[PDB]
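**Q** Fold the stuff below for me.
(chains A and B, ligands or ions: 5)
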Protein chains: 2
Amino acid sequence: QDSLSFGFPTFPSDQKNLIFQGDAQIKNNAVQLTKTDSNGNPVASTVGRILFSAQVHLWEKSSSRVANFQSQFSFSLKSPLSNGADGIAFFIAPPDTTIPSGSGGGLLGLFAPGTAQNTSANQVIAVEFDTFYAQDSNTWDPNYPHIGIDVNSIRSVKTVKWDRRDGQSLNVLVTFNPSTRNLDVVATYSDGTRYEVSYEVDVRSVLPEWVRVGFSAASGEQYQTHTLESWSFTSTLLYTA
Amino acid sequence: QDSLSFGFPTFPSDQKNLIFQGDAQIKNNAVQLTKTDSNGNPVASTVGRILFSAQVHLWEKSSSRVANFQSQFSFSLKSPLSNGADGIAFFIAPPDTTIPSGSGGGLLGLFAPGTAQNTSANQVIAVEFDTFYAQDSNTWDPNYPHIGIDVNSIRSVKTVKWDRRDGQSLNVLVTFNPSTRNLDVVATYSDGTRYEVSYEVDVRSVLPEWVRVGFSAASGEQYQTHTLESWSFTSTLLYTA
Ligand SMILES: OC[C@H]1O[C@H](OC[C@H]2O[C@H](O)[C@@H](O)[C@@H](O[C@H]3O[C@H](CO)[C@@H](O)[C@H](O)[C@@H]3O)[C@@H]2O)[C@@H](O)[C@@H](O)[C@@H]1O
Ligand SMILES: [Ca+2]
Ligand SMILES: [Ca+2]
Ligand SMILES: [Mn+2]
Ligand SMILES: [Mn+2]
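**A** Numbering: from 1, shown residues only, chains lettered A, B, ... in the order given. Ligands and ions are numbered 1, 2, ... in the order given. Sharing the structure here:
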C-alpha cells in the first residue's frame, strides 16, 4: 500500500498484529518492554522490543517517491533507583530485524557490541530516550540524560539534553518530511516542558524500501520499567521533487 | 489497533502485505484474481483470493465497541464469451480463512458445496458481483446478473439487478455503520449509472472479534478476468449506545 495508518489508544491484552521480541509483553493495557517481577517492579538484565506486523513502504525506487511519516506515542519510566537505565527507543529497520546478540544495557537492544559504532554495518534509524550515561560503560554518550537521533550507530548524530521524570508520561511526536528530509522530534511533559531535536537524513541511503517500525528498551545493571502507553502511526508515499 | 487504514491506488508487483491464495497474482499493476494465459486471456477452472495481512479488529466484547469501516475499490471484468463467469466478491472472514475444497465456479471461492447454503456452518460476510446465473447450476441465484449481500450463505440475503459491462471499471463503496447496523453498498460506472443496496446486520453475531478482509473470484466452465484495480480500507472501533 502507498499509505498505511494504525492507532493504539491503549494496548489490550488481546493483540494480533504485534511482533513481541525478548521480554516484551502486555500488562494492564500497556506494553512493558522490559521485564518486571510479580509486584510490577523492574528487574535487571532485560531486553524487549515490539514491531507492527505489516511492513511499511518507506520509499519506492521505480516511482522516485519517499514516504512522509508521523509516529505519536507516550511512555513512562518508573524505578526505585534515581539512576534508572537504560532507555527506550522508537526505531525503523529491515523487516527481519531481531534482537542482536549481546545488545543489552546501553545498546538498548538495537546494536551488537562489536559493530555498535560502525555505521556501514548497520541499517537502523532510531530516536532514543537515554537515561544512563556513565562514561565507563556508555563511552559514546554525552554526560547527561538525553534524547538522541541514531543513524546506524549507538553514537547519536544529534542529541538534546533531557530530563528524566519518574512516573510521568512523556508525549512524543516524530515526523519525517521527504521534501526537506528533516526528521523532527518533539517531546513534552503534561506541564508543557518541551524538548526538540532535528536532523536531515536521506532515508533512501540508510534503509531498504520496505521496513518495520517499533520500539526497543533494555536495562543492564541499573533498571527501570519502560512502559509504552499509546502509539499511532501514519505513512504516505509522496513525489519528492 | 483500534484503528487501521491502508490504500492501494494501484498494485505494483512488489507486494509485502498481501496474502495470495489460489491463482491470484499481480500483473500490469493490478491484481488478477483468476488465472490468465500468456496472452492475458481468461481461462476456465480457476479460483483466487487476496487478503490484507494485518488483522482487523471488527468488534471488542470487553468494551462493547463495534467498528465503523469503509472499503472503496474498483474492478473490471473482460471476456470474449457472451456469458462470462463467475464473479468477484469483497469479503470479511476469520483470519485463518482458506479456499474451501470444491469452492470453484458459482461458489466464488467462498463456500464448500456441502454447506454453501447452511448459515450455521459458515462465518463470512461478502458483497458479490455475480455475472453467471444459469438456473440449472446456480439454482440459488435470481435470473439475471446482480449485486448481492451474502451472510453465511451463497444464497444472498438480498440482491439487486446489475448490468455487466465488459472492460469497464466499476467503482464500489461498502460501508458499515455500527450505530444503525447498516451495511451499505453503492456502485457506479463512469457514466454515472448507479446501483445501491443495503442490509441491516449485527456483525457481532456473524464474525469473530478479529478478521481479515480481501477479495475472491472464480471461473468454472465459463470464464472472464476479474481484475482488482484499486482498494482503500479504513476501520475504527466505536462505542455503540
Ligand atoms: O462457470 C459457470 C459454471 O460452470 C460450471 O457449471 C457447468 C455447467 O452447468 C450447467 O450445465 C449449466 O449451468 C452450464 O451453463 C451453460 O448452459 C446453460 C443452460 O444451457 C446456459 O444458461 C449458460 O449460459 C451456459 O451456456 C454450465 O457451464 C460450475 O462450475 C458452476 O458452478 C459455474 O457457475
Ligand atoms: Ca546510554
Ligand atoms: Ca452465480
Ligand atoms: Mn545515548
Ligand atoms: Mn449470486
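
**Q** Tell me which residue in chain A sits closest to ligand 4.
**A** Taking C-beta to the ion, ligand 4 has its nearest neighbour within chain A at residue A:130, 3.6 Å off. Just so you know, the C-beta spots here come from the backbone N, C-alpha and C atoms, and that holds for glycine as well.

**Q** So what sits opposite that residue in the bridge?
**A** Counting by DSSP bridges, residue A:130 is bridged to residue A:87, residue A:146.

**Q** That one: neighbouring residues, count only.
**A** Number of residues near residue A:130 (other C-beta atoms under 10 Å in any protein chain shown) recorded here: 26.

**Q** so who does it touch?
**A** A:86-87, A:108, A:138, A:141, A:145-148, A:162 (C-beta atoms under 8 Å, 6 or more residues apart in numbering or on different chains).

**Q** The residues you listed, buried ones only, as a PyMOL selection?
**A** Selection of buried members from the contacts of residue A:130 for PyMOL, criterion 16 or more other C-beta atoms under 10 Å in any protein chain shown:
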select buried, chain A and resi 86+87+108+138+141+145+146+147+148+162
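
**Q** Just give the number of residues close to the residue of chain A found nearest ligand 1.
**A** With C-beta to the nearest ligand atom, the shortest gap between chain A and ligand 1 falls at residue A:1, namely 31.8 Å. Residue A:1 sits with 25 neighbouring residues when counted by other C-beta under 10 Å.

**Q** Helix or strand: which one has the closest residue to it other than its chain neighbours?
**A** Closest residue to residue A:1 apart from its sequence neighbours, by C-beta to C-beta, 6 or more residues apart in numbering or on different chains: residue B:6 at 4.2 Å. Using DSSP states H and E, residue B:6 falls within strand B:3-8.

**Q** name the helices or strands packed onto that strand?
**A** strand A:3-8, strand B:225-239 (3 or more C-beta pairs under 8 Å, 6 or more residues apart in numbering or on different chains; DSSP states H and E).

**Q** Starting from the first one, tell me which strands it pairs with and how they run.
**A** Right, the one you point to is strand A:3-8. Sheet pairing for strand A:3-8, using DSSP bridges, gives strand A:225-239 (antiparallel), strand B:3-8 (antiparallel).

**Q** Run the chain-centre distance for that strand.
**A** Remark: strand A:3-8 is offset 17 Å from the chain centroid, using C-alpha atoms, centre = their mean, to the nearest Å.

**Q** right, and the helix or strand after it?
**A** strand A:18-22.

**Q** Report whether that next one contacts chain B.
**A** No - Strand A:18-22 lies apart from chain B when judged by C-beta under 8 Å from any C-beta of the partner chain; the minimum separation is 9.0 Å.

**Q** orientation of that strand relative to strand A:3-8 in degrees?
**A** Strand A:18-22 runs at 70 degrees relative to strand A:3-8, counting by axes from the mean of the first three to the mean of the last three C-alpha atoms, to 10 degrees.

**Q** who does whichever helix or strand comes after strand A:18-22 touch, helix- and strand-wise?
**A** Going down the chain from strand A:18-22, the next helix or strand is strand A:25-27, by DSSP H and E. Applying 3+ C-beta pairs under 8 Å, 6+ apart, one finds that strand A:25-27 contacts strand A:30-32.

**Q** Report the separation between the residue of chain A found nearest ligand 5 and residue B:212.
**A** Closest to ligand 5 within chain A is residue A:1: 29.7 Å, counting by C-beta to the ion. From residue A:1 across to residue B:212, the span is 15 Å (C-beta to C-beta, to the nearest Å).

**Q** What residues does the residue of chain A closest to ligand 5 make contact with?
**A** Per C-beta under 8 Å, 6+ apart, neighbours of residue A:1: A:57, B:6-8, B:17.

**Q** what do you get for residue A:235?
**A** Residue A:235 neighbours (C-beta under 8 Å, 6+ apart): A:3-5, A:56-58, A:67-70.

**Q** now these: which count as buried?
**A** A:3-5, A:56-58, A:67, A:69-70.

**Q** Look at residue A:21 and say how many residues are nearby.
**A** Around residue A:21 there are 17 residues (other C-beta under 10 Å).

**Q** Next: residue A:175.
**A** Neighbour number of residue A:175 under other C-beta under 10 Å is 16.

**Q** That one bridge partners, please.
**A** Residues in a beta bridge with residue A:175, per DSSP bridges, are residue A:70, residue A:184.

**Q** Measure how buried residue A:15 is and give me the count.
**A** 19.

**Q** I'd say it and residue A:26 touch.
**A** Yes - with contact defined as C-beta atoms under 8 Å, residue A:15 counts as touching residue A:26 (6.4 Å).

**Q** part of a strand, is residue A:62?
**A** No - in this structure, residue A:62 is coil, not part of a strand, as judged by DSSP: H, G, I helix; E, B strand; the rest coil.

**Q** What sits closest to it if chain neighbours are left out?
**A** residue B:12 (7.0 Å).

**Q** so what's that neighbour up against?
**A** A:60, A:62, B:26, B:29.

**Q** Give the full set of residues in contact with residue A:95.
**A** Taking C-beta under 8 Å, 6+ apart, one finds A:55, A:210-212, B:16 in contact with residue A:95.

**Q** what do you get for residue A:46?
**A** When contacts are counted by C-beta under 8 Å, 6+ apart, residue A:46 is found next to A:22-23, A:34-35, A:104, A:218-219, A:223.

**Q** now swap in residue A:91 and tell me
**A** Contacts of residue A:91 (C-beta under 8 Å, 6+ apart): A:110, A:124-127, A:150, A:213-216.

**Q** go again using 7 Å as the cut-off
**A** A:110, A:124-126, A:214, A:216 (C-beta atoms under 7 Å, 6 or more residues apart in numbering or on different chains).

**Q** Return the subset of the residues you listed lying in strands.
**A** Judged by DSSP state E, the contacts of residue A:91 include A:125-126, A:214, A:216 as members of strands.

**Q** Go through these and say which is closest to residue A:182.
**A** residue A:125 (12.9 Å; C-beta to C-beta).

**Q** Setting aside sequence-adjacent positions, which residue approaches residue A:224 most closely?
**A** Counting by C-beta to C-beta, 6+ apart, the residue nearest residue A:224 is residue A:84, at 2.9 Å.

**Q** and that neighbour, how many neighbours?
**A** Considering only other C-beta under 10 Å, residue A:84 is surrounded by 22 other residues.

**Q** Surely it touches residue A:41?
**A** No - Residue A:84 is beyond contact range of residue A:41, at 11.6 Å (criterion: C-beta atoms under 7 Å).

**Q** Enumerate every residue touching the residue nearest the centre of chain A.
**A** By C-alpha atoms, centre = their mean, chain A has its centre lying nearest to residue A:90, at 1.6 Å. Neighbour list for residue A:90: A:71, A:73, A:126-127, A:174, A:215 [criterion: C-beta under 7 Å, 6+ apart].
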